[PDB]
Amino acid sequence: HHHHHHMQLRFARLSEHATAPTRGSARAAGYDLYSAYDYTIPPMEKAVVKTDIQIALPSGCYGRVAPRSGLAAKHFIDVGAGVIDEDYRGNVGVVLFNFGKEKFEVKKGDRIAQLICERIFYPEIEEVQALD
């Protein structure tokens, strides 16, 4: 009506240990997420990796925490969970799975995942007697 602009991905640092999310190119699907702490993930184990940022997602999307391709193919790393709700205001955590035979070293400042703004519907739910 009166105002004409573009929605932004907003973030705030929760400590000095966080790194501002970055995008490699203009058409990259996601923003890089960086670990704020050191982690040693043993073989066949999981860790909750803290970024020490909180985000406010633009309306009409959720934030999907998605795997970095290189880490999957080379080190058998996968990302668990990964659904960041539009109204989530806490510390953004990344659930890393280490399926490899060797321990996996995460250092503060390492890129460990990517954040994609996935467009979704928020539909109302209706029970019917039967479907067709």
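Here the rigid core means the biggest group of C-alpha atoms that line up within 1.5 Å when the two forms are laid on top of each other. Residue numbers run from 1 along the displayed sequence.
Comparing 22 to 30 with 76 to 84 in 6 other deposited structures of this protein, after superposition on the rigid core, the stretch with the greater RMS C-alpha deviation is 22 to 30. Mean CA B-factor, 53 to 61 versus 22 to 30: the higher value falls on 22 to 30.
Of the two segments examined, 86 to 94 and 33 to 41, it is 86 to 94 that shows the higher average Cα temperature factor in the deposited entry.
In the deposited entry, the Cα temperature factor of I112 places it in the highest third of its chain's modelled residues. For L9, the recorded CA temperature factor ranks within the highest third of the chain's modelled residues. Annotation for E16: CA B-factor lies in the middle third of the chain's modelled residues. Residue-level temperature factors show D132 in the highest third of its chain, judged at the C-alpha atom.
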